[PDB]
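1. once you've seen the sequence and the experimental structure below, I've got questions.
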Amino acid sequence: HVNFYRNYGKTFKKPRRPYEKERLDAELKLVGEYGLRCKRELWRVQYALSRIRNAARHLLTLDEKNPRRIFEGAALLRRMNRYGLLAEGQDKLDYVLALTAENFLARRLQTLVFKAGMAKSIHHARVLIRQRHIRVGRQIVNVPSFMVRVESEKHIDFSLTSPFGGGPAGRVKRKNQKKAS
Amino acid sequence: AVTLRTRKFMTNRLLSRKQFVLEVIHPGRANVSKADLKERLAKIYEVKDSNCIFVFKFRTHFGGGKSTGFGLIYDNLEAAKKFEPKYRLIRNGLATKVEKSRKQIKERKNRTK
Amino acid sequence: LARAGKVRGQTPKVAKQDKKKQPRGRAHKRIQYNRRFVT
Amino acid sequence: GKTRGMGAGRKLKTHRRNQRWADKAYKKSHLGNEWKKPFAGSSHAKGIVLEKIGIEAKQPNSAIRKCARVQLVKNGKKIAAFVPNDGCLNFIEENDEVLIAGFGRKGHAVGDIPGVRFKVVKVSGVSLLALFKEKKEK
Amino acid sequence: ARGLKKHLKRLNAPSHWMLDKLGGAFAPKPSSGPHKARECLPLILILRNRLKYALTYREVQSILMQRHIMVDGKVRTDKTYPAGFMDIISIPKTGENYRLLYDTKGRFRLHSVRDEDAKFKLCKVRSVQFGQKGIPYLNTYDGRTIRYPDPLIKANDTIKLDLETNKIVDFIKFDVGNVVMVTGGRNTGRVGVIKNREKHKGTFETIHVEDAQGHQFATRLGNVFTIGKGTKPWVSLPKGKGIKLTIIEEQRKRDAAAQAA
RNA sequence: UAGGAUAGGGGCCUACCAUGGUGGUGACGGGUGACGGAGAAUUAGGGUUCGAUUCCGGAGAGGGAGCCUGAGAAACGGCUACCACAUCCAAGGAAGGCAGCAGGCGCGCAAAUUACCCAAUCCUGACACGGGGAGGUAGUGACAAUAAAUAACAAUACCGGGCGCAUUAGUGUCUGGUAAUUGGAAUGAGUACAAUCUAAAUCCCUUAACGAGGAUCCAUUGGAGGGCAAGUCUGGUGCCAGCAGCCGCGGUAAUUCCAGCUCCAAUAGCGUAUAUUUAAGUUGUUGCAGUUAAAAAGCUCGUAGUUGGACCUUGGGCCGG
Ligand SMILES: [Mg+2]
Ligand SMILES: [Mg+2]
Ligand SMILES: [Mg+2]
Ligand SMILES: [Mg+2]
Ligand SMILES: [Mg+2]
Ligand SMILES: [Mg+2]
Ligand SMILES: [Mg+2]
Ligand SMILES: [Mg+2]
Ligand SMILES: [Mg+2]
Ligand SMILES: [Mg+2]
Ligand SMILES: [Mg+2]
Ligand SMILES: [Mg+2]
Ligand SMILES: [Mg+2]
Ligand SMILES: [Mg+2]
Ligand SMILES: [Mg+2]
Ligand SMILES: [Mg+2]
Ligand SMILES: [Mg+2]
Ligand SMILES: [Mg+2]
Ligand SMILES: [Mg+2]
Ligand SMILES: [Mg+2]
Ligand SMILES: [Mg+2]
Ligand SMILES: [Mg+2]
Ligand SMILES: [Mg+2]
Ligand SMILES: [Mg+2]
């Protein structure tokens, strides 16, 4: 039975200590400020960050002129720059370890829609993205955790078929017009 | 306004036809039916016969206003009858179908003579 | 083996209220976030 | 002191092999007497209730802990199972099928109930939880 | 098993076929022929996979039953036929001719050749010895047996074989100083020049090779295939002239080629 | 050693001859709830445990045994015989092998439809064409895994704190909210023309028209003494019933039971049992201990084992970057 060969994986991990106030409050700060739906969204960002940090630490352990260090360091730095996760002049691979989960959270399409105007709020931005209302280059994206790249940050705008940047009105805007007539 | 835009398109003389990827754009429409695709394609490739044209595997990209799929233009009716599977011709209306029942389809015929 | 269920049988029966449904999901986290260190 | 020779790998490895038997967990899992236990290396087991007995609690407490003696279908052993909730003993009747699980602590008695390491979790194909919480009846 | 196996499951297929792991449960299982089925490239992959001349299994059969494809000079209608290194695939209906050669990454590529350089192949001799009635004959590594060879051609050498007359027309004496293209191991695809040969009595002979761009490497005798006499090779080379490069070199190649576009 | 047999080597077997062969570096025997590997889980590092299962290799087709056909079988969707079991009978006879697909009984803590198709991948035959319960498709499917709804925005309001006068006020800031307050905008859950999907259907992706006022389109599982996050609130009960992993609670003022309210954590998921890893430097090679907490043999000799003092030029220079 082929299709048994399709891979799949886990994206987050629960905390070792269930109830500690300090972590609880620190996590709720982020879940509120960035308008996330639950702790799992924060924990998957942490897990992705821990992956990239283990890679960076391994490459930093080796010695320069090691072609693995060279090749993978250039690739990892390019990946970090491509998503705006790293300022200019920072391509030293020690500034990857300094990178924070707030930086990943800052690149989600929810946060960028809020930060670009268009939203008036962080929760308005989410409900705006999950209602087919926002496009990136030409495509209607409705996943708030899209993680835009720095190149495509310019072309974000409203959809051509949402009332707020497109064409025809919605259910209720038409419904009131018909009952009015 | 619908447009048609074929890519990865190559004519082969082995099976005497030409293959391509249709990337129809239909802003405002839901999707383009394969019959209308047949007709429109006939008038960019001037086929004299709109039965040698075959289209399949259409997707209708998420967000709408875009559809891709695979297109085959033949050069004969003979070539389309030899080089095309039966169900595809049935879909284009050049053939007819049958069914099955598996007991005695061979089992008791095995055992008489 | 006689008194099995005693206290469960003694108590008064009381019925729950019809309180308003509380928001679910992101909205619940919003309420918690602005209840913990905004007030 | 510890052997440290380069050519001492046999001595170290054989020593660890001998000494691991001094560890109660290793010996418990590697000696085979778990297949002689009631459940025979199983999480749960089904049984028929033989009678309802009721057991006292140990000294610092004072109460009657209401348990049902069950016979295991798979092997015919006889055990006692606690019926956890207030009034759930009255759901238990005589000669009805019952699903029993462990008590926690992996075969060791829990709390103030003397010599009981099993708990009743289902009766007549229906949960004690649903009967105590009125979600389903039998 | 009580006999020969007739299916090849897709995960067990050779890695250089580049068959995708979810594209079915089975792989074409090359039939017996002139190549060892782990170093061949069946016709199903040449037509359906690489050349995209057909979209399905049965379309390849529809192509072959019509006698278009020609392998090394004869028309081969078998669908899992094991075409291999240095064979010629010809489609006269399209008038197109391909020599099967390796690329530096160890995968078969169809290098287009002209009609002049399609009437011949090169073939390495497995051995030479006598046959019935004292007649000498030589073995190639792709099944061909030729009788009455030039009495100089010894084992491991190379021969040019015209496909028209089917006899020898020239040969290369395997020795230090000739260009060779590696056909096995991690170095397959890399061309080079034989710089050293060290014998070992009772084991495999090892060859030490030096690329034209200076990189030095080594293989064993069975994996080396001479192409030409002297530094000049007698046959065309593919997109890279058999020169391996590091991953950093091709990273530079992509980014440098990303500034003109 | 010589034969016989085999496709072939070989005590494989026969005749004769010699007395060897393995073993504390563990033979031989026993257990395995033991098919081996690729691999799996957890992993600072070192490790610990698992590997029936889709790839590779092996083995079996109720248990043994013997075979024919054939290039290939000690074949079981082939045969012959026995043992176990069992079927049709007109009582003389005949036919058996689901550890193939689906299904049934039993066993159980524990596992899906007696469906469609060769259209994809491939195999196979005299064969481009037939066949394929291989394989695919759909159905059942909270095994695991991914994304992600259950509301957003506005002004009103009894109000509530900083920031504008901060004096003496008073309200206005980001709105924080009991507010079934008021107000439209937005949307997909659902329904469904159509097209598309497909072998034929189906689901998805597009989509006409419907489809949201908060009682509903209504989120649950566990908790609130400590560990461990969250009540010294209100009724009941009175060492009872019950809770409680552990410490403990309950004997008339229960922070622990039975309930209500309220609060807490995770959240379409959460609890429980068992096994296993971590914690565990509580198996310690890295890396633990042995006066008194468990633990130096009463003492010495001694073979294997482990361990083993110093000593024999690359030392003094040129040479190129
Ligand atoms: Mg222990
Ligand atoms: Mg087999
Ligand atoms: Mg084959
Ligand atoms: Mg002999
Ligand atoms: Mg076994
Ligand atoms: Mg088993
Ligand atoms: Mg197998
Ligand atoms: Mg067998
Ligand atoms: Mg059986
Ligand atoms: Mg047999
Ligand atoms: Mg069978
Ligand atoms: Mg079955
Ligand atoms: Mg609750
Ligand atoms: Mg409770
Ligand atoms: Mg607690
Ligand atoms: Mg606390
Ligand atoms: Mg518990
Ligand atoms: Mg105590
Ligand atoms: Mg408690
Ligand atoms: Mg309570
Ligand atoms: Mg200790
Ligand atoms: Mg003492
Ligand atoms: Mg002592
Ligand atoms: Mg000694």
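-> Arrived safely. Residues are numbered from 1 along each chain as shown, chains lettered A, B, ... in the order given. Ligands and ions are numbered 1, 2, ... in the order given.
2. without its sequence neighbours, what residue ends up closest to the residue of chain A found nearest RNA strand F?
-> Residue of chain A nearest RNA strand F, by C-beta to the nearest atom of the strand: residue A:170 (2.3 Å). To be clear about C-beta, it is placed using only N, CA and C from the backbone, and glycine gets the same treatment. What sits nearest to residue A:170 in space, not counting adjacent residues and going by C-beta to C-beta, 6 or more residues apart in numbering or on different chains, is residue A:163, at 5.7 Å.
3. can you give me the helices for chain A?
-> A:21-33, A:39-61, A:67-82, A:101-105, A:109-115, A:122-129, A:171-180 (DSSP state H).
4. picking that back up, for burial, what's the neighbour tally of the residue nearest to residue A:170?
-> By the criterion of other C-beta atoms under 10 Å in any protein chain shown, residue A:163 has 13 neighbours.
5. so how far is chain B from it?
-> Residue A:163 is 16 Å from chain B, where distance means C-beta to the nearest C-beta, to the nearest Å.
6. that residue and residue A:134, how far apart?
-> Distance of residue A:163 to residue A:134, given as C-beta to C-beta, to the nearest Å: 13 Å.
7. buried residues in the lengthiest helix in chain B?
-> What stands out as the longest helix in chain B, according to DSSP H, is helix B:34-45. For helix B:34-45, the neighbour count (16 or more other C-beta atoms under 10 Å in any protein chain shown) marks B:34, B:37-38, B:40-42 as buried.
8. also stretch E:94-103?
-> In terms of neighbour count (16+ other C-beta under 10 Å), stretch E:94-103 has its buried residues at E:97-103.
9. which residues touch residue D:68?
-> Counting by C-beta atoms under 8 Å, 6 or more residues apart in numbering or on different chains, residue D:68 touches D:49-53, D:80-81, D:83, D:89, D:92, D:98, D:120.
10. let's see which of the residues you listed end up in strands.
-> D:49-52, D:80-81, D:98, D:120 (DSSP state E).
11. looking at these, spot the one nearest chain A.
-> Among these, residue D:120 lies closest to chain A (C-beta to the nearest C-beta), at 29.2 Å.
12. who does the closest one bridge with?
-> Listed by DSSP bridges, the beta-bridge partners for residue D:120 are residue D:100.
13. put together CSV for the helices of chain A, with mean neighbour count on each row.
-> Shown next, in CSV, are the helices of chain A (neighbours: other C-beta atoms under 10 Å in any protein chain shown):
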stretch, mean neighbour count
helix A:21-33, 15
helix A:39-61, 15
helix A:67-82, 16
helix A:101-105, 17
helix A:109-115, 22
helix A:122-129, 20
helix A:171-180, 9
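14. of all the ones you listed, which one comes closest to chain E?
-> Using C-beta to the nearest C-beta, these put helix A:67-82 closest to chain E, at 5.4 Å.
15. for the closest one, packing partners?
-> helix A:39-61, helix E:247-256 (3 or more C-beta pairs under 8 Å, 6 or more residues apart in numbering or on different chains; DSSP states H and E).
16. residue E:84 against residue E:101, yeah?
-> No. Using C-beta atoms under 8 Å, residue E:84 is not in contact with residue E:101; the gap is 10.7 Å.
17. and which of the ones in strands among the contacts of residue D:68 is nearest to residue E:93?
-> residue D:98 (79.0 Å; C-beta to C-beta).
18. enumerate every residue touching that closest one.
-> Contacts of residue D:98 (C-beta under 8 Å, 6+ apart): D:46-49, D:68, D:70, D:81, D:92, D:120, D:122-124.
19. which residue lies closest in space to residue 36, excluding its sequence neighbours?
-> Since no chain was named, I'll use chain A. residue A:42 (6.1 Å).
20. you answered for a different chain; I wanted chain C.
-> Take residue C:36 and drop its neighbours on the chain: the residue closest to it by C-beta to C-beta, 6+ apart is residue A:28, 6.3 Å away.
21. do the same with residue D:60
-> Distances taken as C-beta to C-beta, 6+ apart put residue D:112 closest to residue D:60, at 7.3 Å, once the chain neighbours are dropped.
22. show the contacting residues for that neighbour.
-> Neighbour list for residue D:112: D:57-58, D:60-61, D:63, D:65 [criterion: C-beta under 8 Å, 6+ apart].
23. and for residue A:153?
-> A:84, A:112.
24. residues in contact with residue 27?
-> You didn't say which chain, so I picked chain A. Contacts of residue A:27 were listed using C-beta under 8 Å, 6+ apart, and they are A:39, A:42.
25. wait, I meant chain D there
-> Residue D:27 neighbours (C-beta under 8 Å, 6+ apart): residue D:21.
26. which stretches of chain D form strands?
-> Under DSSP E, chain D gives strands at D:44-52, D:55-56, D:64-65, D:67-72, D:78-82, D:97-102, D:118-123, D:126-127.
27. list the buried ones in the fourth one?
-> Put plainly, it is strand D:67-72. Buried-residue list, strand D:67-72, by 16+ other C-beta under 10 Å: D:67-68, D:70, D:72.
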